[PDB]
Amino acid sequence: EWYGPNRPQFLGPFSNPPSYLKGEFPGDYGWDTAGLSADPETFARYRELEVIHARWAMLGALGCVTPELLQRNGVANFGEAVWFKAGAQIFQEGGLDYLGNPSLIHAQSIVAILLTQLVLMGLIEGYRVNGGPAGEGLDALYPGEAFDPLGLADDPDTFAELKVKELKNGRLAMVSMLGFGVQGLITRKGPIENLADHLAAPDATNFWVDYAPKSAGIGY
Amino acid sequence: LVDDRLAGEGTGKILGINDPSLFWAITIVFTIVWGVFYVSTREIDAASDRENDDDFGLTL
Amino acid sequence: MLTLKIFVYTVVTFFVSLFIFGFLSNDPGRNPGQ
Amino acid sequence: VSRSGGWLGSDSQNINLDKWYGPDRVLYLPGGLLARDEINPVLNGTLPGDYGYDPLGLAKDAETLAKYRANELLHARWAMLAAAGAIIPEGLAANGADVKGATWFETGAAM
Amino acid sequence: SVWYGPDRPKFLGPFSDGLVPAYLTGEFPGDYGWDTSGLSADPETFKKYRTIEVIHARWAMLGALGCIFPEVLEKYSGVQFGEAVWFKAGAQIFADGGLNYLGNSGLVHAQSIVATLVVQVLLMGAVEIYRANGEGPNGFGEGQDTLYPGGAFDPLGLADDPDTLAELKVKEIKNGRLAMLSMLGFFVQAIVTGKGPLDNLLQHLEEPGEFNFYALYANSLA
Amino acid sequence: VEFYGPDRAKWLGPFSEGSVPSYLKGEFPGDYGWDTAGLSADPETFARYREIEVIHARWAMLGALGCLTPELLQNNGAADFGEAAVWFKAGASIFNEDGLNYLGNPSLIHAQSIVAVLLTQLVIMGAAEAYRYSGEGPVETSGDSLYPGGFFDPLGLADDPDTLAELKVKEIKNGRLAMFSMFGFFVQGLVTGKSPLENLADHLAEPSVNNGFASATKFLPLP
Amino acid sequence: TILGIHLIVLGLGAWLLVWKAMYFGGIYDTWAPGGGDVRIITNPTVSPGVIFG
Ligand code: CHL
Ligand code: CLA
Ligand SMILES: CCCCCCCCCCCCCCCCCC(=O)OC[C@H](CO[C@@H]1O[C@H](CO)[C@H](O)[C@H](O)[C@H]1O)OC(=O)CCCCCCCCCCCCCCCCC
Ligand SMILES: CC1=C[C@H](O)CC(C)(C)[C@H]1/C=C/C(C)=C/C=C/C(C)=C/C=C/C=C(C)/C=C/C=C(C)/C=C/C1=C(C)C[C@H](O)CC1(C)C
Ligand SMILES: CC/C=C/C/C=C\C/C=C\CCCCCCCC(=O)O
């Protein structure tokens with residue numbers, strides 16, 4: 001499974017994969033209904049984009065869910081725990097302190113953060129797309145070596161299984177992040193607060209009843 | 001007051017500009033002369049029978 | 001009085017720009033040396 | 001394919017080993033103040049960090065040099081660890097953290 | 001030359017060797033090797049995208065100059081427009097005096113929005129039909145390049161040398177890309193700040209450390 | 001006027017000769033030779049785009065008719081809907097105290113719960129669209145997936161090839177107009193915040209005053 | 001290259017002068033309220049209009 005002509009498809013028993021989706025890459029459920037990947041070059045570029053987006057989305061989902069959970073449980077105190085309000089802490093009087101204590105980061109400037117991020121991220125992305133200290137001729141998407149310290153993907157079959165698992169987790173993370181963004185836009189509250197409100201009264205607290213009738217002619 | 005005057009001496013203006021018309025005059029004339037020079041600076045260099053490489057110029 | 005100031009500014013900037021862009025136009029190469 | 005590369009784009013490594021090894025390595029005195037003939041013959045630019053500095057002539061032969069190199073390496077590594085662990089907790093506690101016995105010469109009496 | 005061939009500058013500096021595609025060989029102006037999304041693999045789509053990009057560049061250059069000109073002419077001159085801000089200058093057609101060019105009640109004095117729209121539709125449709133078809137009225141402009149016509153569109157003859165033409169193509173495309181980015185900036189600044197492009201610049205120059213996006217508007221955007 | 005071959009009507013009239021792409025040879029219905037962005041230079045992408053366009057066209061016909069019908073019925077007195085006559089106010093109807101009563105009679109549908117409606121719609125249309133994507137179902141159909149015929153052609157007006165091609169052209173040309181009109185419906189509802197027929201009546205009251213430019217200053221940014 | 005190196009050195013010297021008036025006790029200010037005295041400069045004028053004036 002997961003490869004070849006006998007892998008699960010994106011619709012179930014109603015299977016009709018295109019001609020260019022032979023089942024050679026991870027997460028190939030045969031879903032191209034727009035022909036966007038008919039060109040092999042565009043297919044490769046889209047594959048790289050999807051994998052990078054998946055990894056970034058996993059990191060972002062974890063980073064958007066962790067501090068709010070910590071603050072709601074009472075374990076730690078932050079200037080702003082909500083994910084879409086965490087950037088405005090740099091404008092507060094006390095600056096930005098990691099986990100609340102003033103002896104961890106104590107960042108005070110936004111220009112310095114911007115310039116340092118520009119330099120560092122530009123250098124590391126140039127390393128990623130060209131090769132640098134960690135390698136010169138490794139793979140574009142799965143380099144390994146220094147980025148696989150404890151060898152977990154060495155058997156070719158285990159490597160493919162882990163590729164599939166990573167892609168599926170990243171896709172779930174992307175959907176969750178889009179949900180985070182739209183949920184914050186509509187409700188103006190954090191994901192954990194929305195989950196708690198829904199779990200309190202599932203019938204009363206939802207999207208349809210709460211906001212849908214006020215989605216035309218009335219405010220939210 | 002009895003009469004009128006510019007009343008700008010001993011003030012400390014940038015280049016003595018109290019009206020935008022002076023700035024416009026300066027900029028327009030400078031740009032015209034610069035453009036005339038910029039069109040011809042390629043022909044002027046070629047009169048030395050040499051290319052403007054890193055070794056160009058009067059050197060000793 | 002403002003018209004006189006504008007006219008004088010125009011004349012002065014014209015002559016100074018002529019001076020600058022003439023001395024920038026490969027002046028060291030205009031000598032009889034071989 | 002390689003396991004190492006430059007930090008500043010393509011063709012950026014440019015490793016110059018002829019500055020720390022061999023007869024042209026940098027010494028502990030500039031060329032004007034000391035000729036290369038005054039260097040102890042045992043120090044021939046083979047071990048790393050060989051600046052040719054041995055005023056007391058304590059390197060009689062190769063065995064003594066190797067033993068002293070082993071001692072120096074052990075002491076150096078312990079020194080890095082000690083310096084880091086003696087400077088960092090005190091700064092952490094002085095900046096607002098809750099650390100007991102932050103100063104290195106007083107942490108023993110804490111417990 | 002410097003801007004053509006395999007030795008041309010690239011968009012990532014020294015890190016750009018491993019990102020340049022095999023079809024961006026350095027044959028057209030503005031080639032920096034940026035096709036990470038692979039949207040120009042097909043040569044036909046590449047050609048259409050090049051035409052779209054050049055047309056957008058020219059339109060954006062004109063738009064940037066025309067968006068910044070009447071606001072500069074109001075604060076630093078004696079001209080009195082009905083409205084100098086670019087995103088508020090369309091409402092002048094509904095004013096009592098109509099739309100007066102340069103603030104003069106006898107220069108254009110346009111009063112009806114429907115007539116202006118009809119005339120614009122006629123003229124722009126005619127010229128864009130001529131451009132798209134590649135041949136104007138009575139066979140005018142036949143055999144000329146559809147993107148770089150020349151001839152009647154080059155009265156001064158500044159592009160009569162192929163090398164000068166290539167250099168000027170590079171200059172035009174770079175200025176156009178800069179103008180496109182500046183117009184995106186104009187749009188977003190108009191949405192967020194609500195003031196003219198020149199007011200933002202002058203307010204920033206009043207105190208650069210105090211009047212920025214981060215110091216004023218960043219915290220109110222979430 | 002011909003609609004197939006090199007002499008067909010095109011998207012710029014007599015001036016389309018220099019703008020028709022090479023790959024648009026006039027082989028499919030609704031071919032006016034309009035491809036300026038080169039989005040259909042790949043045959044597979046072209047076929048998928050054609051399928052998407054046809055499905056969008058049919059959905060647009062249904063949407064336009066269903067948006068126009070209940071408002072006309074309410075205005076002519078054939079039914080009572082209250083504030084649900086307007087096309088973008090059916091979610092008010094589902095959350096009504098009496099529920100979604102079809103045609104105003106509380107004995108036709110009388111839907112109360114929104115979750116049930118969503119679940120049944122999801123199940124039914126999942127089955128339908130999965131069957132459509134698979135290309136083979138429990139019904140009698142031709143080889144074509146876009147134009148199945150057979151079970152979906154009871155009256156049988158798609159027998160003669162010439163009439164079938166002409167009907168394909170008619171379908172695509174009505175669908176494109178329906179799509180344009182539905183886009184107009186969306187934009188008008190967002191801007192004016194009124195009914196399409198109310199907008200038509202207001203425009204007819206004063207065509208030189210009540211037009212789209214009378215609300216051009218609505219979304220003006222403020223300092 | 002040599003010119004750039006010495007420019008960097010001179011800029012470091014100017015910044016060294018700046019640090020004295022801010023953190024290392026300040027500099028004598030003859031316009032200080034209540035007579036001249038060694039003040040500390042906390043809000044320097046970095047306005048482009050003031051510097052260009
Ligand atoms: C001879 C003149 C002639 C002209 C000028 C056109 C022109 C056009 N035809 Mg064609 N046709 C012509 C003859 C014929 N057509 C057709 C058959 C068709 C069909 C079947 C179709 C077209 C379509 C179109 C449009 C395609 C391009 C477009 O949408 O972007 C050009 C437009 C723009 C870039 C801007 C428009 C200018 C306007 C003044 C803008 C005003 C801006 C706002 C006031 C401000 C906006 C506010 C801000 C916030 C956004 C275009 C309007 C297609 C279509 O798009 O229909 C809707 C279509 O499907 N034509 C036939 C029958 C054989 C013709 C016979 O001679
Ligand atoms: C002003 C700039 C200057 C420059 C560009 C040079 C340049 C040179 N020196 Mg000279 N030199 C200078 C001043 C300078 N020197 C001074 C002030 C002294 C007196 C100590 C010397 C004494 C000297 C010796 C003894 C030798 C050279 C030699 C050389 C060469 C470098 C090799 C080397 O090992 O030197 C390194 C020399 C050092 C003094 C050690 C480094 C000390 C660090 C850099 C000082 C940190 C201080 C800081 C930068 C300055 C702050 C004060 C400032 C504001 C004034 C090179 C040609 C060598 C040569 O000729 O070989 C044949 C050599 O033998 N120089
Ligand atoms: C700085 C770039 C230099 C480029 C190369 C120049 C080459 C030489 C060109 C010719 C120069 C001489 C003729 C200049 C005539 C025009 C100027 C004039 O008359 O202004 C006369 C005007 C007077 O402006 C008056 O202002 C009043 C209010 O203040 C009123 O408004 C009056 O009406 C108005 O006339 O002054 C200026 O424009 C100010 C000029 C300031 C110049 C600052 C230069 C900074 C950079 C250089 C620093 C070193 C300068 C030398 C210092 C040591 C000298 C020993
Ligand atoms: C398949 C197919 C096929 C056919 O053919 C066609 C079609 C249909 C089109 C297709 C589809 C597609 C899709 C579905 C897509 C999607 C996407 C997404 C959703 C993404 C996201 C994505 C997402 C993402 C990345 C995300 C990210 C995130 C992040 C970084 C974050 C960050 C952060 C954090 C930590 C925290 C803080 O406090 C804040 C911040 C700073 C903010
Ligand atoms: C208020 C909106 C008004 C819009 C104007 C209405 C209709 C214009 C119709 C067609 C535009 C034709 C433009 C000229 C094309 C032919 C040019 C030629 O060859 O002469």
# chains A, B, ... in the order shown; residues from 1 in each chain; ligands from 1
$ residues_near_ligand --ligand "ligand 4" --cutoff "8 Å" --atoms "only C-alpha atoms and all ligand atoms" --output "PDB file with N, CA, C and O atoms, in the first residue's frame"
ATOM      1  N   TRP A  31      -5.486  12.916  -6.319  1.00  0.00           N
ATOM      2  CA  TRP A  31      -6.397  14.060  -6.314  1.00  0.00           C
ATOM      3  C   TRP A  31      -5.757  15.199  -7.101  1.00  0.00           C
ATOM      4  O   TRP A  31      -5.053  16.040  -6.543  1.00  0.00           O
ATOM      5  N   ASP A  32      -6.012  15.222  -8.408  1.00  0.00           N
ATOM      6  CA  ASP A  32      -5.715  16.386  -9.246  1.00  0.00           C
ATOM      7  C   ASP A  32      -6.892  16.538 -10.206  1.00  0.00           C
ATOM      8  O   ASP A  32      -6.886  15.981 -11.306  1.00  0.00           O
ATOM      9  N   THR A  33      -7.899  17.294  -9.779  1.00  0.00           N
ATOM     10  CA  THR A  33      -9.100  17.509 -10.573  1.00  0.00           C
ATOM     11  C   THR A  33      -9.035  18.774 -11.414  1.00  0.00           C
ATOM     12  O   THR A  33      -9.996  19.075 -12.128  1.00  0.00           O
ATOM     13  N   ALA A  34      -7.932  19.517 -11.351  1.00  0.00           N
ATOM     14  CA  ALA A  34      -7.784  20.746 -12.111  1.00  0.00           C
ATOM     15  C   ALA A  34      -6.659  20.689 -13.130  1.00  0.00           C
ATOM     16  O   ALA A  34      -6.478  21.653 -13.882  1.00  0.00           O
ATOM     17  N   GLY A  35      -5.900  19.599 -13.180  1.00  0.00           N
ATOM     18  CA  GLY A  35      -4.799  19.506 -14.118  1.00  0.00           C
ATOM     19  C   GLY A  35      -3.638  20.421 -13.817  1.00  0.00           C
ATOM     20  O   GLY A  35      -2.860  20.734 -14.720  1.00  0.00           O
ATOM     21  N   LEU A  36      -3.496  20.863 -12.567  1.00  0.00           N
ATOM     22  CA  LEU A  36      -2.417  21.774 -12.210  1.00  0.00           C
ATOM     23  C   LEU A  36      -1.055  21.096 -12.214  1.00  0.00           C
ATOM     24  O   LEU A  36      -0.034  21.788 -12.248  1.00  0.00           O
ATOM     25  N   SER A  37      -1.015  19.765 -12.179  1.00  0.00           N
ATOM     26  CA  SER A  37       0.235  19.018 -12.130  1.00  0.00           C
ATOM     27  C   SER A  37       0.422  18.155 -13.374  1.00  0.00           C
ATOM     28  O   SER A  37       1.015  17.077 -13.305  1.00  0.00           O
ATOM     29  N   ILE A  52       7.391  21.712   2.161  1.00  0.00           N
ATOM     30  CA  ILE A  52       7.852  22.825   2.989  1.00  0.00           C
ATOM     31  C   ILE A  52       6.684  23.449   3.745  1.00  0.00           C
ATOM     32  O   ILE A  52       6.795  23.770   4.939  1.00  0.00           O
ATOM     33  N   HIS A  53       5.545  23.626   3.067  1.00  0.00           N
ATOM     34  CA  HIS A  53       4.358  24.150   3.729  1.00  0.00           C
ATOM     35  C   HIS A  53       3.913  23.237   4.858  1.00  0.00           C
ATOM     36  O   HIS A  53       3.493  23.711   5.916  1.00  0.00           O
ATOM     37  N   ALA A  54       3.997  21.921   4.652  1.00  0.00           N
ATOM     38  CA  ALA A  54       3.604  20.976   5.690  1.00  0.00           C
ATOM     39  C   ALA A  54       4.460  21.141   6.935  1.00  0.00           C
ATOM     40  O   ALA A  54       3.942  21.221   8.056  1.00  0.00           O
ATOM     41  N   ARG A  55       5.782  21.194   6.757  1.00  0.00           N
ATOM     42  CA  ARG A  55       6.673  21.330   7.909  1.00  0.00           C
ATOM     43  C   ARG A  55       6.427  22.644   8.645  1.00  0.00           C
ATOM     44  O   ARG A  55       6.303  22.674   9.884  1.00  0.00           O
ATOM     45  N   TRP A  56       6.328  23.743   7.891  1.00  0.00           N
ATOM     46  CA  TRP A  56       6.081  25.038   8.515  1.00  0.00           C
ATOM     47  C   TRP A  56       4.741  25.053   9.239  1.00  0.00           C
ATOM     48  O   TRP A  56       4.613  25.660  10.306  1.00  0.00           O
ATOM     49  N   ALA A  57       3.735  24.379   8.679  1.00  0.00           N
ATOM     50  CA  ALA A  57       2.414  24.362   9.294  1.00  0.00           C
ATOM     51  C   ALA A  57       2.409  23.560  10.586  1.00  0.00           C
ATOM     52  O   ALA A  57       1.744  23.945  11.551  1.00  0.00           O
ATOM     53  N   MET A  58       3.123  22.431  10.624  1.00  0.00           N
ATOM     54  CA  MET A  58       3.232  21.690  11.879  1.00  0.00           C
ATOM     55  C   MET A  58       3.867  22.552  12.961  1.00  0.00           C
ATOM     56  O   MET A  58       3.346  22.654  14.085  1.00  0.00           O
ATOM     57  N   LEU A  59       4.990  23.198  12.631  1.00  0.00           N
ATOM     58  CA  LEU A  59       5.642  24.052  13.622  1.00  0.00           C
ATOM     59  C   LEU A  59       4.717  25.179  14.070  1.00  0.00           C
ATOM     60  O   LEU A  59       4.618  25.474  15.268  1.00  0.00           O
ATOM     61  N   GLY A  60       4.013  25.804  13.124  1.00  0.00           N
ATOM     62  CA  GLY A  60       3.140  26.911  13.471  1.00  0.00           C
ATOM     63  C   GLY A  60       1.958  26.495  14.322  1.00  0.00           C
ATOM     64  O   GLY A  60       1.563  27.215  15.239  1.00  0.00           O
ATOM     65  N   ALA A  61       1.364  25.338  14.025  1.00  0.00           N
ATOM     66  CA  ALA A  61       0.248  24.853  14.830  1.00  0.00           C
ATOM     67  C   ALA A  61       0.692  24.571  16.258  1.00  0.00           C
ATOM     68  O   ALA A  61       0.017  24.962  17.223  1.00  0.00           O
ATOM     69  N   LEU A  62       1.843  23.908  16.417  1.00  0.00           N
ATOM     70  CA  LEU A  62       2.332  23.647  17.767  1.00  0.00           C
ATOM     71  C   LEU A  62       2.619  24.948  18.509  1.00  0.00           C
ATOM     72  O   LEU A  62       2.270  25.091  19.690  1.00  0.00           O
ATOM     73  N   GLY A  63       3.240  25.917  17.829  1.00  0.00           N
ATOM     74  CA  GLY A  63       3.562  27.180  18.468  1.00  0.00           C
ATOM     75  C   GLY A  63       2.367  28.067  18.738  1.00  0.00           C
ATOM     76  O   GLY A  63       2.443  28.942  19.604  1.00  0.00           O
ATOM     77  N   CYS A  64       1.274  27.880  18.000  1.00  0.00           N
ATOM     78  CA  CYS A  64       0.048  28.614  18.273  1.00  0.00           C
ATOM     79  C   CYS A  64      -0.776  27.965  19.370  1.00  0.00           C
ATOM     80  O   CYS A  64      -1.567  28.655  20.022  1.00  0.00           O
ATOM     81  N   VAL A  82      -2.648  34.736  23.226  1.00  0.00           N
ATOM     82  CA  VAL A  82      -3.322  34.383  21.983  1.00  0.00           C
ATOM     83  C   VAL A  82      -2.344  34.491  20.822  1.00  0.00           C
ATOM     84  O   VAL A  82      -1.487  35.384  20.787  1.00  0.00           O
ATOM     85  N   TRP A  83      -2.469  33.575  19.859  1.00  0.00           N
ATOM     86  CA  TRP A  83      -1.462  33.465  18.809  1.00  0.00           C
ATOM     87  C   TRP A  83      -1.453  34.686  17.899  1.00  0.00           C
ATOM     88  O   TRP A  83      -0.389  35.096  17.421  1.00  0.00           O
ATOM     89  N   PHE A  84      -2.614  35.279  17.638  1.00  0.00           N
ATOM     90  CA  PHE A  84      -2.685  36.441  16.764  1.00  0.00           C
ATOM     91  C   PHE A  84      -2.515  37.753  17.514  1.00  0.00           C
ATOM     92  O   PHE A  84      -2.694  38.819  16.920  1.00  0.00           O
ATOM     93  N   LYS A  85      -2.175  37.700  18.801  1.00  0.00           N
ATOM     94  CA  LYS A  85      -1.840  38.895  19.563  1.00  0.00           C
ATOM     95  C   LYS A  85      -0.472  38.788  20.225  1.00  0.00           C
ATOM     96  O   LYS A  85      -0.108  39.669  21.010  1.00  0.00           O
ATOM     97  N   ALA A  86       0.293  37.737  19.927  1.00  0.00           N
ATOM     98  CA  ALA A  86       1.610  37.561  20.521  1.00  0.00           C
ATOM     99  C   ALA A  86       2.656  38.492  19.929  1.00  0.00           C
ATOM    100  O   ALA A  86       3.703  38.695  20.549  1.00  0.00           O
ATOM    101  N   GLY A  87       2.409  39.053  18.745  1.00  0.00           N
ATOM    102  CA  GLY A  87       3.376  39.953  18.149  1.00  0.00           C
ATOM    103  C   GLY A  87       3.372  41.351  18.722  1.00  0.00           C
ATOM    104  O   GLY A  87       4.362  42.072  18.570  1.00  0.00           O
ATOM    105  N   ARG A 171      -0.273  17.832   6.291  1.00  0.00           N
ATOM    106  CA  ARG A 171      -1.530  18.245   5.673  1.00  0.00           C
ATOM    107  C   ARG A 171      -2.588  18.543   6.728  1.00  0.00           C
ATOM    108  O   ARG A 171      -3.320  19.542   6.631  1.00  0.00           O
ATOM    109  N   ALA A 173      -1.926  19.548   9.684  1.00  0.00           N
ATOM    110  CA  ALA A 173      -1.487  20.798  10.293  1.00  0.00           C
ATOM    111  C   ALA A 173      -1.869  22.005   9.441  1.00  0.00           C
ATOM    112  O   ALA A 173      -2.252  23.049   9.976  1.00  0.00           O
ATOM    113  N   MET A 174      -1.748  21.889   8.117  1.00  0.00           N
ATOM    114  CA  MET A 174      -2.138  22.988   7.237  1.00  0.00           C
ATOM    115  C   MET A 174      -3.624  23.290   7.368  1.00  0.00           C
ATOM    116  O   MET A 174      -4.035  24.458   7.458  1.00  0.00           O
ATOM    117  N   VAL A 175      -4.452  22.243   7.368  1.00  0.00           N
ATOM    118  CA  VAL A 175      -5.889  22.454   7.527  1.00  0.00           C
ATOM    119  C   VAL A 175      -6.184  23.083   8.882  1.00  0.00           C
ATOM    120  O   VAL A 175      -7.010  23.998   8.992  1.00  0.00           O
ATOM    121  N   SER A 176      -5.505  22.614   9.930  1.00  0.00           N
ATOM    122  CA  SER A 176      -5.712  23.177  11.259  1.00  0.00           C
ATOM    123  C   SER A 176      -5.296  24.641  11.319  1.00  0.00           C
ATOM    124  O   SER A 176      -5.918  25.436  12.024  1.00  0.00           O
ATOM    125  N   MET A 177      -4.239  25.015  10.596  1.00  0.00           N
ATOM    126  CA  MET A 177      -3.782  26.402  10.623  1.00  0.00           C
ATOM    127  C   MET A 177      -4.744  27.318   9.876  1.00  0.00           C
ATOM    128  O   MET A 177      -5.020  28.440  10.322  1.00  0.00           O
ATOM    129  N   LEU A 178      -5.258  26.863   8.731  1.00  0.00           N
ATOM    130  CA  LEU A 178      -6.302  27.626   8.050  1.00  0.00           C
ATOM    131  C   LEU A 178      -7.529  27.779   8.942  1.00  0.00           C
ATOM    132  O   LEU A 178      -8.137  28.860   9.009  1.00  0.00           O
TER     133      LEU A 178
END
$ closest_atom_pairs --of "chain B" --to "ligand 3" --cutoff "7 Å" --atoms "only C-alpha atoms and all ligand atoms" --output "Markdown table"
| residue | atom | partner | partner_atom_place_in_ligand_line | distance |
| --- | --- | --- | --- | --- |
| B:8 | CA | ligand 3 | 30 (C) | 4.8 |
| B:9 | CA | ligand 3 | 30 (C) | 4.6 |
| B:10 | CA | ligand 3 | 29 (O) | 5.4 |
| B:11 | CA | ligand 3 | 29 (O) | 4.9 |
| B:12 | CA | ligand 3 | 29 (O) | 4.2 |
| B:13 | CA | ligand 3 | 29 (O) | 4.6 |
| B:14 | CA | ligand 3 | 39 (C) | 6.8 |
| B:15 | CA | ligand 3 | 38 (O) | 3.6 |
| B:16 | CA | ligand 3 | 26 (O) | 3.4 |
| B:17 | CA | ligand 3 | 31 (O) | 5.8 |
| B:18 | CA | ligand 3 | 31 (O) | 6.1 |
$ write_last_selection --atoms "N, CA, C and O atoms" --output "PDB file, in the first residue's frame"
ATOM      1  N   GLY B   8      13.187  87.189   5.632  1.00  0.00           N
ATOM      2  CA  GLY B   8      13.781  85.871   5.713  1.00  0.00           C
ATOM      3  C   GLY B   8      15.223  85.854   6.175  1.00  0.00           C
ATOM      4  O   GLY B   8      15.760  84.791   6.495  1.00  0.00           O
ATOM      5  N   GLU B   9      15.863  87.020   6.215  1.00  0.00           N
ATOM      6  CA  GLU B   9      17.265  87.087   6.607  1.00  0.00           C
ATOM      7  C   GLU B   9      17.427  86.723   8.078  1.00  0.00           C
ATOM      8  O   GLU B   9      16.578  87.045   8.914  1.00  0.00           O
ATOM      9  N   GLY B  10      18.518  86.029   8.386  1.00  0.00           N
ATOM     10  CA  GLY B  10      18.773  85.607   9.753  1.00  0.00           C
ATOM     11  C   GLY B  10      17.740  84.651  10.307  1.00  0.00           C
ATOM     12  O   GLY B  10      17.318  84.797  11.461  1.00  0.00           O
ATOM     13  N   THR B  11      17.320  83.673   9.510  1.00  0.00           N
ATOM     14  CA  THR B  11      16.333  82.683   9.926  1.00  0.00           C
ATOM     15  C   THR B  11      16.900  81.277  10.033  1.00  0.00           C
ATOM     16  O   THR B  11      16.634  80.583  11.016  1.00  0.00           O
ATOM     17  N   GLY B  12      17.688  80.841   9.055  1.00  0.00           N
ATOM     18  CA  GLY B  12      18.276  79.518   9.102  1.00  0.00           C
ATOM     19  C   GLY B  12      17.527  78.494   8.277  1.00  0.00           C
ATOM     20  O   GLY B  12      17.282  77.373   8.734  1.00  0.00           O
ATOM     21  N   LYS B  13      17.162  78.867   7.056  1.00  0.00           N
ATOM     22  CA  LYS B  13      16.453  77.975   6.154  1.00  0.00           C
ATOM     23  C   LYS B  13      17.439  77.116   5.375  1.00  0.00           C
ATOM     24  O   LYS B  13      18.598  77.485   5.185  1.00  0.00           O
ATOM     25  N   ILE B  14      16.962  75.959   4.923  1.00  0.00           N
ATOM     26  CA  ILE B  14      17.796  75.045   4.147  1.00  0.00           C
ATOM     27  C   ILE B  14      17.993  75.649   2.761  1.00  0.00           C
ATOM     28  O   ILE B  14      17.037  75.794   1.996  1.00  0.00           O
ATOM     29  N   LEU B  15      19.236  76.011   2.442  1.00  0.00           N
ATOM     30  CA  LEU B  15      19.611  76.611   1.162  1.00  0.00           C
ATOM     31  C   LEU B  15      18.886  77.926   0.902  1.00  0.00           C
ATOM     32  O   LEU B  15      18.833  78.393  -0.239  1.00  0.00           O
ATOM     33  N   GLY B  16      18.334  78.545   1.944  1.00  0.00           N
ATOM     34  CA  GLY B  16      17.634  79.800   1.781  1.00  0.00           C
ATOM     35  C   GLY B  16      16.301  79.698   1.083  1.00  0.00           C
ATOM     36  O   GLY B  16      15.825  80.691   0.531  1.00  0.00           O
ATOM     37  N   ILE B  17      15.678  78.524   1.094  1.00  0.00           N
ATOM     38  CA  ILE B  17      14.435  78.291   0.370  1.00  0.00           C
ATOM     39  C   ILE B  17      13.270  78.601   1.304  1.00  0.00           C
ATOM     40  O   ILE B  17      13.037  77.886   2.281  1.00  0.00           O
ATOM     41  N   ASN B  18      12.538  79.672   1.002  1.00  0.00           N
ATOM     42  CA  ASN B  18      11.302  79.990   1.704  1.00  0.00           C
ATOM     43  C   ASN B  18      10.063  79.675   0.884  1.00  0.00           C
ATOM     44  O   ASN B  18       8.971  79.562   1.448  1.00  0.00           O
TER      45      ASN B  18
END
$ closest_atom_pairs --of "chain G" --to "ligand 2" --cutoff "12 Å" --atoms "only C-alpha atoms and all ligand atoms" --output "tab-separated table"
residue	atom	partner	partner_atom_place_in_ligand_line	distance
G:2	CA	ligand 2	5 (C)	10.1
G:5	CA	ligand 2	5 (C)	11.2
G:6	CA	ligand 2	2 (C)	10.8
G:9	CA	ligand 2	54 (C)	8.7
G:10	CA	ligand 2	54 (C)	10.0
G:12	CA	ligand 2	54 (C)	10.5
G:13	CA	ligand 2	54 (C)	9.0
G:16	CA	ligand 2	54 (C)	11.7
$ write_last_selection --atoms "N, CA, C and O atoms" --output "compact mmCIF listing (two decimals), in the first residue's frame"
# COMPACT_ATOMS: atom_id res chain seq x y z
N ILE G 2 41.35 50.75 2.15
CA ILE G 2 42.00 51.42 3.27
C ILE G 2 41.14 52.60 3.74
O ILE G 2 40.98 52.82 4.95
N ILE G 5 38.32 51.24 5.83
CA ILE G 5 38.76 50.82 7.16
C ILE G 5 38.90 52.03 8.08
O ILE G 5 38.42 52.02 9.23
N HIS G 6 39.53 53.09 7.59
CA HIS G 6 39.72 54.26 8.44
C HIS G 6 38.42 55.00 8.68
O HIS G 6 38.24 55.62 9.74
N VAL G 9 36.93 53.23 11.56
CA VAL G 9 37.61 53.63 12.79
C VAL G 9 37.09 54.98 13.28
O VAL G 9 36.81 55.17 14.48
N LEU G 10 36.95 55.94 12.37
CA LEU G 10 36.46 57.27 12.76
C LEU G 10 35.02 57.21 13.26
O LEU G 10 34.66 57.92 14.21
N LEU G 12 33.69 54.67 14.79
CA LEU G 12 33.79 54.13 16.14
C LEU G 12 34.22 55.20 17.13
O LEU G 12 33.73 55.22 18.27
N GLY G 13 35.12 56.09 16.72
CA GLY G 13 35.50 57.19 17.60
C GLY G 13 34.35 58.13 17.91
O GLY G 13 34.18 58.57 19.05
N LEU G 16 32.17 56.47 20.33
CA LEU G 16 32.81 56.52 21.64
C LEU G 16 32.54 57.86 22.32
O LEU G 16 32.31 57.91 23.53
